[PDB]
Amino acid sequence: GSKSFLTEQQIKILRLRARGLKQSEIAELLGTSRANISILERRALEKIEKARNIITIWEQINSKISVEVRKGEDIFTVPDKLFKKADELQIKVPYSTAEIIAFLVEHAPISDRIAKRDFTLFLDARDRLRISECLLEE
Amino acid sequence: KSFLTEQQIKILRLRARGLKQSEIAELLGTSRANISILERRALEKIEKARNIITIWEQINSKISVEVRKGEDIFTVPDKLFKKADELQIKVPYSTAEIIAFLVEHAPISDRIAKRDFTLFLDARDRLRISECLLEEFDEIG
């Protein structure tokens, strides 16, 4: 509905949506059609979603170590690839081979044990595993 | 400009490695004034994106308490615990753990808050502060 920030109406829609209200119920409270509210909520979620990728890029460039995984690679061969670079660059990965498997199973573009598309697994500055769907430069 | 361009990303990448603005200007083939405009503009996008995620996490908060300018910081814990037990009160912080939080990350001058803010517990059970006050919308219907 706008750019660079969330307007009052976008704040009011998502707050009523989080409380469990249906678009048709919100349409009566604001006095508008539910079709426009469906478009407004779509723009609000699209704006937050685009802002989330900005924080991911900011945390990815400030990462201690990053590992790329191509489409089709096994999910179980990621730990050995990550810990391999953890020796050349003398840093500490505070997770085990099974600690990061449970991480990739939850929030990583994977179909069963096979990766769907390309993604990047990196460890940020706060020692927290995070996922990024952006292959980048040197 | 709804995202970070490849040139803004390349600037922040070279800057994260420890390069100075004068050194970055030569690699990209542009003036140091352009690097100053882009890097300042790039950090402004990251700052604006944080407020979007912060408000998004405030809307998805389990419990939220508003604090107005002039109110005491010490009456906030009793106010939070009072309203937290309406639902399943799961604030795993003590009366002193959230006071030490407000002293660290809250707009307060000595014992009095400077401007209005909201103390809420997000989805990860961690205290957060937002200068928004959206509880007026929780009183419709």
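What counts and how
Residues numbered from 1 in each chain as written, not as in the entry; some residues may be left out. Chains lettered and ligands numbered in written order. Heavy atoms only, no water. Residues with missing side-chain atoms left out of burial classes, pairs and counts. UniProt positions renumbered as here; feature names shortened; annotations may be inferred. Helix = DSSP H or I, 4+ residues; strand = E, 2+ residues; numbered from the N terminus. Domains from an automatic or database assignment. Pairing = 2+ DSSP bridges. Axes fitted to C-alpha atoms, helices over the stretch in contact; angles between N-to-C directions. Contact = heavy atoms within 4.5 Å. Parallel < 35°, antiparallel > 145°, perpendicular 65-115°, else oblique. Left-handed = near helix turned anticlockwise from the far one by under 90°. Nonpolar A, V, L, I, M, F, W, Y, C, P; charged D, E, K, R; others polar. Salt bridge = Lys/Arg side-chain N within 4 Å of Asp/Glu carboxyl O.

Chain B has the name Archaeal transcription regulator in the PDB entry, where Thermococcus onnurineus NA1 is given as its organism.

The name recorded for chain A in the PDB entry is Archaeal transcription regulator, from Thermococcus onnurineus NA1.

1. A look at the UniProt feature "domain: HTH cro/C1-type" (unreviewed entry) in chain B
The positions UniProt marks with the feature "domain: HTH cro/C1-type" (unreviewed entry) are residues 9–36 of chain B. The distance separating the terminal C-alpha atoms of residues 9–36 of chain B is 14 Å; by composition the span is 75% helix and 0% strand.

2. Brief notes about the domain arrangement of chain B
Examined at the domain level, chain B breaks down into domain 1 (6–57) and domain 2 (61–139). Each of domain 1 of chain B and domain 2 of chain B was reduced to a C-alpha centroid, and the two centroids are 33 Å apart.

3. A few points about the sheet that holds strand 4 (residues 117–121) of chain B
Residues and elements named next belong to chain B. As summarised here, the arrangement of the three strands in space is 1-4-5, forming an open sheet in which the pairing is antiparallel. Only two strands of the sheet have a single partner each, and these edge strands are strand 1 (63–67) and strand 5 (127–130). Put simply, the sheet's adjacent strands are angled 25° from each other on average, direction ignored. As paired strands, strand 4 and strand 5 are joined by four bridges and run antiparallel to one another. Bridged to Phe120 within strand 5 is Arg128. Across the sheet, helix 4 (residues 75–84) is in contact with strand 1 and strand 4; its angle to strand 1 comes to roughly 145°.

4. Some thoughts on the packing of helix 1 (residues 8–18) of chain A against helix 2 (residues 23–30) of chain A
Residue and element names in this part refer to chain A. Where helix 1 contacts helix 2, the axes come no closer than 10 Å and their chain directions differ by 135°. It follows that helix 1 is oblique to helix 2 by the angle criterion. For the element pair helix 1 and helix 2, the recorded crossing hand is right-handed. Residues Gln9, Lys12, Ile13, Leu16 and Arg17 of helix 1 pack against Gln23, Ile26, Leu29 and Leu30 of helix 2. Taken together, the residues that form the contact of helix 1 with helix 2 break down as five nonpolar, two polar and two charged.

5. Quick notes on the pattern of salt bridges
Of the charged contacts in the structure, one is a salt bridge between A:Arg15 and B:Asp138, with a shortest N-O distance of 2.7 Å. Of the two residues, A:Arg15 is situated in helix 1 and B:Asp138 in the segment after strand 5; the pairing between them involves two chains. In this structure, the salt-bridge partner of B:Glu57 is B:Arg128, at a minimum N-O distance of 3.0 Å. Pair noted here: B:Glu57 is in helix 3 (residues 32–59) and B:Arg128 is in strand 5, with a separation of 71 residues, a long-range link.

6. Examining the sheet that holds strand 5 (residues 129–132) of chain A
Residues and elements named next belong to chain A. Spatially, the three strands line up as an open sheet ordered 1-4-5, and their pairing is antiparallel. Edge strands, defined here as strands with exactly one partner in the open sheet, are strand 1 (65–69) and strand 5. Within this sheet the neighbouring strands show an average axis-to-axis angle of 25°, counted without direction. Sheet analysis places strand 4 (residues 119–123) next to strand 5, joined by four bridges and oriented antiparallel.

7. Looking at the interface of chain A and chain B
Across the contact, 23 residues belong to chain A and 26 residues belong to chain B. Among the elements of the structure, helix 1 and helix 3 (34–61) of chain A are those that each provide at least two residues to the side of chain A that touches chain B. Broken down by element, the side of chain A that touches chain B gets its largest block of residues, nine residues, from helix 3 of chain A. Here the side of chain A that touches chain B is composed, by residue class, of 15 nonpolar, two polar and six charged.

8. Details of the environment of A:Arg130
Residues and elements named next belong to chain A. With respect to the element layout, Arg130 can be found in strand 5. Distance from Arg130 to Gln60, taken between C-alpha atoms, is 8.6 Å for residues 70 residues apart in sequence. Once residues within four sequence positions are removed from consideration, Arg130 is found in contact with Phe103, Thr120, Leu121, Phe122 and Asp124.

9. Focus on the packing of helix 1 of chain A against helix 3 of chain B
Any two packed helices are characterised by how steeply their axes cross, that is the angle between the axes, and by the distance between the axes. Between helix 1 of chain A and helix 3 of chain B, whose axes approach to 9 Å, the crossing angle comes to 35°. Note on element contacts: helix 3 of chain B touches helix 1 of chain A through B:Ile55, B:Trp56, B:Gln58 and B:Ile59, opposite A:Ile11, A:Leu14, A:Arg15 and A:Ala18. Of the residues belonging to the contact of helix 1 of chain A with helix 3 of chain B, the class tally is six nonpolar, one polar and one charged.

10. Side note on the pairing of strand 4 of chain B
Each regular strand shows side chains that alternate between the opposite faces of the sheet. All names here are of chain B. Looking at chain direction, strand 1 and strand 4 are connected through five bridges and run antiparallel. Within strand 4, the position partnered with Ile63 by the bridge is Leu121. Following strand 4, the chain reverses through five residues before pairing antiparallel with strand 5; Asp125 in that reversal takes a positive phi of roughly 55°.

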